[PDB]
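One structure is given below, encoded as structure tokens.
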Amino acid sequence: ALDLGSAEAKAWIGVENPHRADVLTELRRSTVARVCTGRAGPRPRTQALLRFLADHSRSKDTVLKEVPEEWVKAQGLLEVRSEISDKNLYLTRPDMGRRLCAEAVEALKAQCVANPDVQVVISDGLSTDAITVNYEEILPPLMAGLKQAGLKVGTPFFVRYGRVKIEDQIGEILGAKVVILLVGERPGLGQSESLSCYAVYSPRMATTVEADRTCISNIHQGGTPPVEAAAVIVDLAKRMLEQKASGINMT
Amino acid sequence: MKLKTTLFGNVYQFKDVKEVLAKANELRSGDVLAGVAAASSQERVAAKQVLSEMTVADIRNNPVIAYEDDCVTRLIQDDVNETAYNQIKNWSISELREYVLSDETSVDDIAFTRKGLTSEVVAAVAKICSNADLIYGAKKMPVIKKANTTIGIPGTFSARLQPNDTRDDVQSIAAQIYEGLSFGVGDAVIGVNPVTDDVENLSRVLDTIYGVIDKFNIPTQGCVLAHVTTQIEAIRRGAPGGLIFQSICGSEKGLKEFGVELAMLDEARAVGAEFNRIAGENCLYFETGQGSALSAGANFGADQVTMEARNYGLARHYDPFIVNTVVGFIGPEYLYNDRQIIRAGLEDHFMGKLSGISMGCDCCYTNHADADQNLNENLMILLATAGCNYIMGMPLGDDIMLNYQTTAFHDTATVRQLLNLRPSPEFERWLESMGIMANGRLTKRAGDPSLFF
Amino acid sequence: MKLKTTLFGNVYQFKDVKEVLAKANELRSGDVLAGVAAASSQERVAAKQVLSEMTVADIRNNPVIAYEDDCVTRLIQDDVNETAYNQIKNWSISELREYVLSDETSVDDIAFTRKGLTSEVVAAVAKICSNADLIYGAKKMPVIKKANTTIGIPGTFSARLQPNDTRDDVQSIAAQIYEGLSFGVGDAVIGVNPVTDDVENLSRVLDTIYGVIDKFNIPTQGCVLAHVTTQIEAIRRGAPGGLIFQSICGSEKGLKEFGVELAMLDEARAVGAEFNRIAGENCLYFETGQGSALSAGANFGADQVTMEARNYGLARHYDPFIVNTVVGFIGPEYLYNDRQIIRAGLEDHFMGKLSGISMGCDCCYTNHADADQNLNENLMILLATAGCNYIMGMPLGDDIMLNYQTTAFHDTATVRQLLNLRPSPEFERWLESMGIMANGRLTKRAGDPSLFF
Amino acid sequence: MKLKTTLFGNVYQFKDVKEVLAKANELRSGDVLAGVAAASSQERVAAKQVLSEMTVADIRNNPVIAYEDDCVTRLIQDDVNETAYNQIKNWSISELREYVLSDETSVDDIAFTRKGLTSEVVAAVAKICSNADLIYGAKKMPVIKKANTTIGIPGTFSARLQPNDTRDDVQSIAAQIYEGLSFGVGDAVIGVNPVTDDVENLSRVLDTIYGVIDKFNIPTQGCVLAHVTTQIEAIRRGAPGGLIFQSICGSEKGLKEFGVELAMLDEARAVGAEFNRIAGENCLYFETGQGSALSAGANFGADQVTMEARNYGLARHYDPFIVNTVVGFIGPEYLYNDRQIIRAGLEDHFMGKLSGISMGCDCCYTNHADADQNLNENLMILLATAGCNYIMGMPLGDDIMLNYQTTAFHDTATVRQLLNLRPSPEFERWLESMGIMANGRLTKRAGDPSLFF
Ligand code: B12
Ligand SMILES: C[C@H]1O[C@@H](n2cnc3c(N)ncnc32)[C@H](O)[C@@H]1O
Ligand SMILES: C[C@H]1O[C@@H](n2cnc3c(N)ncnc32)[C@H](O)[C@@H]1O
Ligand SMILES: C[C@H]1O[C@@H](n2cnc3c(N)ncnc32)[C@H](O)[C@@H]1O
């Protein structure tokens, strides 16, 4: 009896007649990669191919699942969306995911701080569960850190169907000197929790290049933990305000 | 040149050379997203036919971006051998196709012909090419380079050991390296995609790779695929240099998006020459992929095939050890399903081989795309027949950090044992002396990373 | 034996083996139209795991069609070597897959092991195989037969000349035979799908084929793929006998759909032994393909993978010279697109080789299916690397008669020179004397049928 | 670092490294005329021992001409791989000699090690080598380059066709080209030392050379060895470009003597990339020879061995297709007799291969030196066994123009058949189709230039 989603299934050593089977167990726990599963001639073994395909069955599901509108408000958040209406057209038209709708661009200025000095933005990007699993752990303690001492903290807000370049708009609409974006990366095979931050100083839609951002990736319980991530982001925010530059052009 | 053709008595008019190349492409979701695609399968064949009767000059004189405005267009055009150009300037794109495909065309015939070409001309040939034309034609155009392994020798097949990690943890990275070596993977490069971008993390990963390299005296080379500036400063500060990588794009606005100047590519050559532990003469490593110039708004109405071919005319200027496309690295907006991704694999490799660069391919797909692991095995084997110089390698193909799936370590062993191909001869000698390989085949004890202990 | 498993905390239960055999399949439109397909990826995976954990005996003692009711079940179960079966009866399908794939398993080890399987067991293994598993697994299972040429030796690649005319006009048929011979096609067979079914027509077609054969002393054999009872009669009557063809289905009711009793096949074997102009011992030719039992309403809730496997276990009894699936011959209701025509052409070939038959494949598609000719070029190459014994050939693969696209005469020549493979040694010897082929490559004067004039 | 040693109880002291580099030399009339030669055998030996005991760093940090003063010192010191240098910097010349000679050193080991040397270090090793040391040491250091032919592969032997006329009459030049081709000469290059220096003359000479090349589709390349600035101009102007030649000296003042700046060489590289009819990547051709800096008064107290080494370290920067010393070209004031022309032709070749350049040798002598043609036949064979990449050819080696004797067209044919060596594979393929060569030997109809008529 085997559950391919089980820890014991993921802790499975397929190597037959190993040189050092203890060494195998130390390499299997030293990583989350599917090491040490052995071979059948030049091919994978059956169970490892089974746990691969099962893990792929799960990962495909996470792609199109959305975060509730009820979850966003139970977090007390302004929810706005891009020009994309649903999850399908989002996956195929990056140009509308980088742009806010019309009722978007007015709820921004009506409901949020004018010319903040940090604007924190949260979007689902390419994975909902990157947002739900790590929120309560990253967003609260983040928000405290910028308030001490800083810093005209912009009120946070969620962008549905959001892409990384849409923060160039937000940085202008709001006039924020610095923009932070917690966004879902594309789903991995073994997990979809991975979160990233894209942070840019005084963004421009006309002028800002992709190089001008600072990126922190693999914020999750297997990568950078969200508590420590939050402490690293505000410090990053503290430095872009000192240097008045972001990403590539920082020291 | 005509921009006009009659097909079933129907007139099809095209505005410029840029439109013809775009619409001559087989259907892919990126061109659709770029608004350059043909609207009918009848319009698409019309673009093929008018393209087929255009000459070399027509396309050499009509880059999708103008000379004055683009330093990549300048590099491509400035590097043309003009004697080799004048010989073929009046050939149709139909005749260049037939010339490439001919078995009366030797590799030394192509060696000179290809210097008269530009990347737009390279892409032109590719669009009037079936999947089999792309495989056979790329096969008779080997490109052989050497670092401390030789790559591209017909009858060989290399593999990059790609050990990535969510925290750049070096005990995790090292675990995947013993895994890779155990399957004969690594003769291309032991390259790590970093999750950070600071020198100190970069140099710590390099120490881990080269510590493994030094301990067993492996003939190969390490790389950390950070930005090229961070690799240069890490090597200047004393970390072991192997290959020097930079992701590239086929236009100046495409490069800017990345933060790259050509002078950094000129500097990476000089830094490698002064610092890098490379016995041979090729040290640089570039990666490409369709849809990167449109992702930056930096394609200027051109299609993603023409723009990917310019990636190659650029990289040929710096004569790198290895280039490869990450064929479905990005997502379904640019390449949708199996069909399109296989097709892109065959195009990118063929154009790279027609460009005189050491063309490999990351046979990959993302989880939000209409594909699975059987797609990778389809195209991995199609490219091995075409003499693809190298593929990637990860345990079962699962990148725990890049959150895509590439080829397994098992797949390089399968290809080699299936097609009777060897690794790099320098590297193959090492696996023999390590008991990993005998007569191109994995030994019974192979596939066990606990073997190095 | 379990029919259930837990995947991600949810219990997945199945009713019988027939269902576990069905839902484990990769997704095709055929198992959807048959109601046997899985509901999702997860239950597909769940079906593979329960299937991987069932033993040989589990699947051998559970034929999709009962013994007492189906004379193909009878034939398969009756031809089992019970000594080979009892050695393996308690292996799970997951160990049989790893045994077939092991580089420690020899061709001679498989030669005895396959004697203890039943067709349903062959299908089971195929179900839990990746596409590389299917290619590499089949490559290490060569099946060699002999007629007037030798087919199936590793390092060779055969092709059948398919000269089909809309009127069986013997000038149209002659013309394409001269075209194909000029590319090196015809070592598998020169085989004609007739537009009629009358004896005086076949004799006409056979006397045309064999006039060319006799004139250029071609080492090969002819065929007109009418019903077997007409073939038998035309040869008993004085037409030249080469191979004797018949299409087959994997159930008694499927054979009745075609007009076929197993006594007709015994008769073909006996007509061949008294009449046919065959030097070797193998003279029969069957064709198969996923979706024929479902069309005939003769599948009985079993999926088209398992039913196709019963085809090979039936064919293996008559030791034919050649068998080939017609992978995309019927249309999209059974296999919709590129993904499914490839995956099935890999499943089929792998299954045929495990059953021990000289398994080729008609790599093809129809115009109402989601496919094009780049699909034929992808599949022929992948199946070539799997050691597929032969593919078809037509001018550009355009069947002017059966209204589908197969592979060109160019395409066999391409595979042979891409993969450095040769024809049947006898056919190769003849092409070399005719100046068409030197060193496995086409001469300059090759591909020109007016060479025979 | 010691500059002194005790030999037979007598102390031998030296002033600097430049002197120890000088007196260690084998006796030649050139170091006598330069005042740098040892007083006797004992101090010669004493110089070798102190030299053998100095480290790489000792000699690398002591260039005969200072960095700030000489742009060839600059070029040599600047192209050092400091990573390869720091591995070896503390090896004594006596361990570098034993490393180069060791059968445990591979071609790939040397490929990295030579990156950390400077030309003076190359000379040091050459100084403490026997003549067998020089031959066997160079043999295990092949240098392979490609143009329109491949030169330098072990088991091959190239030769340059030298058709020099006292008026650059194009019938005299044509006639000897037909003579040489008939012996298998010309795979290195068909190269002309012009009696003039005007553009309209070279074009005439080049259009004559290339008329034969184009008529018989000869795989090779042409050259007229005028000054590089005239060559550049004649090709920018429409004459066919093959190789671009320039003589070179091992000091800035030596290059000025010739009229050469390093910018002219960069320009030749760039003219070749836009104009020349070369399939490969190597198109430059330099010539060297002991005694050119001393003639130019541009040696600065350094001996002709060390200064000649700076030639190769300069050439290595431009990666030329071929380099050859002209060993006995000037006269007896630098090398007097047979003993010295051999020893220097062995030193030169060895030094060129250690520096990594495609090192040939014009085995030759002058009529006012103490030598005859048996000296050319001794040296060509010894240098052949050392794997010398090419020698010259003239009818009986009689230069009707430059008034020295080189090697005959017979002599390349002799070496190839004595040592069972072949031409460049491409040139060999052409000679075989012309019936001039079968199995590396001349046919019966070979050696007869009227064969081309
Ligand atoms: C896909 C991807 C890319 C794609 C982006 C194409 C696309 N439109 O999807 C391509 C191939 C162009 C790419 C390029 C590079 N990437 Co990248 N990339 C990723 C990846 C795998 C996924 C990103 C994602 O899913 N984002 C979420 C979605 C919803 O956002 P999106 O708006 O759809 O995507 C945008 C951003 O992802 C951004 N982007 C992508 N990569 C990078 C890297 C940096 C430094 C920045 C600022 C932005 C950026 O560009 C996209 C379009 O605007 C991540 C790995 C990961 N775990 O996330 C790395 C990653 C972010 N990339 C990284 C690197 C190093 C690079 C390069 C600098 C490599 C190089 N040596 O040149 C380049 C240049 C980036 C640039 N200057 O724009 C590192 C970042 C390390 C760090 N601490 O900053 C990561 C973490 C992993 C890696 N090693 O590749 N990348
Ligand atoms: C896997 C690594 O390869 C690089 N990479 C992936 N796709 C492309 C592309 N289309 N162009 C350039 N670089 C790319 C990214 O930088 C990533 O980090
Ligand atoms: C093209 C020829 O091949 C045979 N053929 C095609 N598809 C199948 C199948 N699934 N089963 C059996 N025979 C088939 C038919 O007999 C036809 O005449
Ligand atoms: C015979 C041809 O070779 C060249 N040549 C001959 N000897 C030398 C030397 N020591 N250095 C450089 N070039 C030389 C001259 O350029 C001449 O033209």
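When the header is checked for method, it gives X-ray crystallography, 2.0 Å.
Note: Cβ is positioned from N, Cα and C throughout, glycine not excepted.
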Considering the substrate binding residues C:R160, C:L161, C:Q162, C:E287, C:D362 given in Swiss-Prot, which of C:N131, C:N193, C:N201 is annotated for that site as well? C:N193
Checking proximity to ligand 3 here: which binding-site residues out of C:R160, C:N193, C:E287, C:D362 have their Cβ closer than 6 Å to it? C:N193, C:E287
Can you name the binding-site residues among C:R160, C:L161, C:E287 whose CA is within 10 A of the CA of C:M401 (adenosylcob(III)alamin binding site)? none
Under 8 Å between C-beta atoms and at least six apart in sequence, can you list the same-chain neighbours of C:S295 (adenosylcob(III)alamin binding site), or say none if there are none? C:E257, C:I330, C:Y334
Quick one: what's DSSP say for C:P194 (adenosylcob(III)alamin binding site), helix, strand or coil? coil
Farthest-apart CA atoms of C:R160, C:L161, C:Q162, C:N193, C:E287, C:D362, residues recorded for substrate, distance in Å: 15
List the Cα distance (Å, whole number) between C:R160 (substrate binding site) and C:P194 (adenosylcob(III)alamin binding site). 15
So C:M401 (adenosylcob(III)alamin binding site), by the Cβ count within 10 Å over all chains shown, scores 19
Give me the count of other Cβ atoms within 10 A of the Cβ belonging to C:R160 (substrate binding site). 27
C:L161 (substrate binding site) to C:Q246 (adenosylcob(III)alamin binding site): how many Å between their Cα atoms? 17
Within the same chain, the residues at least 6 apart in sequence whose Cβ is under 8 angstroms from that of C:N193 (substrate binding site) are C:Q162, C:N164, C:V224, C:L225, C:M401, C:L402
Between the Cα atoms of C:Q246 (adenosylcob(III)alamin binding site) and C:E287 (substrate binding site), what distance do you get, rounded to the nearest Å? 7
Roughly how many angstrom lie between the C-alpha atoms of C:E287 (substrate binding site) and C:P194 (adenosylcob(III)alamin binding site)? 15
Please report the distance from the Cα of C:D362 (substrate binding site) to the Cα of C:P194 (adenosylcob(III)alamin binding site), rounded to the nearest angstrom. 17
